[PDB]
Amino acid sequence: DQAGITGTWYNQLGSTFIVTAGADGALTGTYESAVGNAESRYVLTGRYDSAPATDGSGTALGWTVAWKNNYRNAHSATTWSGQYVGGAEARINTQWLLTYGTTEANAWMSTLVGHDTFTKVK
Amino acid sequence: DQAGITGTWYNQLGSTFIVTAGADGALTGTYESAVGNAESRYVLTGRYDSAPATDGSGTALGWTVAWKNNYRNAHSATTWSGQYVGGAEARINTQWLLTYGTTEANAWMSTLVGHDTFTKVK
Amino acid sequence: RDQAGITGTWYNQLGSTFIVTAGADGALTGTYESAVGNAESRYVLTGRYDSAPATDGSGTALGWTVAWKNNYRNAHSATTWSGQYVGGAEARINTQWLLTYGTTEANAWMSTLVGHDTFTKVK
Amino acid sequence: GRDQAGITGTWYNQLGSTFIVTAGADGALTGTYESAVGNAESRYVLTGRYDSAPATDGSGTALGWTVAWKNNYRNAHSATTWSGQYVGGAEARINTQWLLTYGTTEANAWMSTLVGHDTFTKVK
Ligand SMILES: O=C(CCCC[C@@H]1SC[C@@H]2NC(=O)N[C@@H]21)NCCNCc1cc2c(cn1)OCCC2
Ligand SMILES: O=C(CCCC[C@@H]1SC[C@@H]2NC(=O)N[C@@H]21)NCCNCc1cc2c(cn1)OCCC2
Ligand SMILES: O=C(CCCC[C@@H]1SC[C@@H]2NC(=O)N[C@@H]21)NCCNCc1cc2c(cn1)OCCC2
Ligand SMILES: O=C(CCCC[C@@H]1SC[C@@H]2NC(=O)N[C@@H]21)NCCNCc1cc2c(cn1)OCCC2
Ligand SMILES: [Br-]
Ligand SMILES: [Br-]
Ligand SMILES: [Br-]
Ligand SMILES: [Br-]
Ligand SMILES: [Cl-]
Ligand SMILES: [Mn+2]
Ligand SMILES: [Mn+2]
Ligand SMILES: [Mn+2]
Ligand SMILES: [Mn+2]
């Protein structure tokens, strides 16, 4: 699985997800969002299942982007939770949560939920 | 900031969240869950907003546990998204997604959602 | 307004059947037939939509609840879908859903699934 | 219905919002919702369902309901759905996660839904 997951992915919004997987269970790389308060690439870090089930089940993985880089700071972070699905139509299917910083009065409105699909198709 | 986040946190389930924060925004550490297909400590990694807003809002952050250990492999990953609230009694408020590896037929049932609040006292 | 647009029979990606009638002032009523899970046949659904939506190209907010009891079985669970109706050439209802099942207190942490369903008038 | 009388009544969550509901013997939830925060004033219609024959075996009673945020004063072009369980006992509780969706353009649909969680008890 380490082969398939490593590389460059794109989601349904046009965002670019560059990731290296290491055989211990680590995800590293960068994220460029096509939408939102975001410009250029952002450090991403995460983990995946190093020894996944060989019966057809996807490989569970997740990663986090804190939306601060050398250009702008959106005071938020997104975590993607999902699974990688091999086969020729190699896909990474996620649900995500995006939290931005708030006062305590506004905390009830701090988190967005959504879902992305990535493939390696430019 | 890093002094504030770094340390040992416990959520409402009794889980143990050991995290180190770097100047760059990095999060690293170990997570011990008191419930679930989990045993002993799992590797975690994430990110946090290195330079939060100046209006008294919380610090955005998130992290991912892949639930493979030397002892247990639950074929799942959890991502936590939320914010660090500093003050006399510091708090991390989060929402999390837990995805487990499925076939494509059962993908619709692959992701639990919940909310965790971590404090510095058990 | 979108009363007629929403009203009808809709199908999601799973193959579930969503039969809904939208009333004059924002009521949703009808039945849901899941193609998956611990479910047989039609279940009662109720919901609300925004009966006076913006007209600035934005979707129409809605949501509804199914409890997974009918006369054939009881899955001790409810799902809520929250979403928007998008009109036009091919109408679509785009949703995210929360499925909660009964649990003890110490198992509450694992009570709720989340997912996304897209309904069209096809398949 | 089992918990048809416990569920029924006037609840409050952690934000101070007010949840006034009536359960029917076979599953229906009807009532009004008055949010303490957000783009809302006064009461909004709500409808939902609950499991009227719950396992009387440790488990909570699964339920869910919806508010569209339009009434005679405001229209916030959004809807919230709560799903969760009623837990009876000495402190009856309703613990929920919620999804709030608001009308968006197609290019902005990605940002259309907030998730959160509300705890209701029958004490102001
Ligand atoms: O936009 C970003 C950066 C990343 C977005 C990209 C996601 S990540 C998941 C998805 N997938 C993908 O590729 N891109 C997208 N941070 C803004 C969050 N919001 C701050 C805020 C504050 C207030 C508001 C509203 N909002 O109103 C109330 C007052 C204050
Ligand atoms: O248990 C875990 C990881 C432990 C983390 C606990 C969370 S993490 C968030 C929260 N916060 C905290 O501290 N602990 C808790 N992985 C197993 C997930 N379940 C897989 C599965 C498969 C099937 C099912 C049901 N489930 O039924 C259908 C058939 C297949
Ligand atoms: O299956 C159903 C009813 C139908 C749902 C259809 C959804 S609704 C959203 C989506 N959209 C669509 O059309 N159909 C799907 N209720 C689940 C009850 N499960 C109880 C339970 C206990 C344990 C488990 C796992 N489960 O493991 C962990 C431990 C114990
Ligand atoms: O607020 C409401 C209704 C009241 C909700 C009360 C909730 S209900 C759940 C919770 N529980 C509880 O008691 N009160 C709270 N409608 C706002 C819809 N949003 C419009 C919008 C558009 C854009 C934004 C941001 N917002 O970003 C900027 C760009 C576009
Ligand atoms: Br923003
Ligand atoms: Br499990
Ligand atoms: Br089941
Ligand atoms: Br608003
Ligand atoms: Cl106001
Ligand atoms: Mn808002
Ligand atoms: Mn189930
Ligand atoms: Mn599980
Ligand atoms: Mn936003």
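Think of each number as a place in line: the chain as shown, counted from 1.
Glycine residues also receive a Cβ, built from the backbone N, Cα and C atoms like all the rest.
According to its DSSP assignment, C:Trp97 (biotin binding site) is in a strand. Same-chain residues at least 6 positions away in sequence with a Cβ under 8 Å from that of C:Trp97 (biotin binding site) are, in sequence order, C:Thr79, C:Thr80, C:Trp81, C:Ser82, C:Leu113, C:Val114, C:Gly115, C:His116, C:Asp117. The biotin binding site annotation in Swiss-Prot covers C:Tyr32, C:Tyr43, C:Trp81, C:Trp97, C:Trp109.
For C:1-3, the entry in the PDB entry reads expression tag. The DSSP breakdown of the expression tag (C:1-3) into helical (H, G, I), extended (E, B) and coil residues amounts to 1 helix, 0 strand, 2 coil.
Each of the binding-site residues C:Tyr32, C:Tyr43, C:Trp81, C:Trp109 was assessed for Cβ neighbours inside 10 Å, and the highest tally belongs to C:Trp81. Candidate binding-site residues C:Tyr32, C:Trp81, C:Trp109 yield C:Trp81 as lying near chain D, with Cβ-Cβ distance under 8 angstroms. Checked against ligand 12, the binding-site residues C:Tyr32, C:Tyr43, C:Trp81, C:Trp97, C:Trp109 give no residue with a Cβ under 6 Å from it.
Under 8 angstroms separates the C-beta of C:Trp109 from a C-beta of chain B, among the binding-site residues C:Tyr32, C:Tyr43, C:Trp81, C:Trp109. When the record's biotin-binding residues C:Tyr32, C:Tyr43, C:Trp81, C:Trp97, C:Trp109 are compared pairwise by CA position, the greatest distance found is 27 Å.
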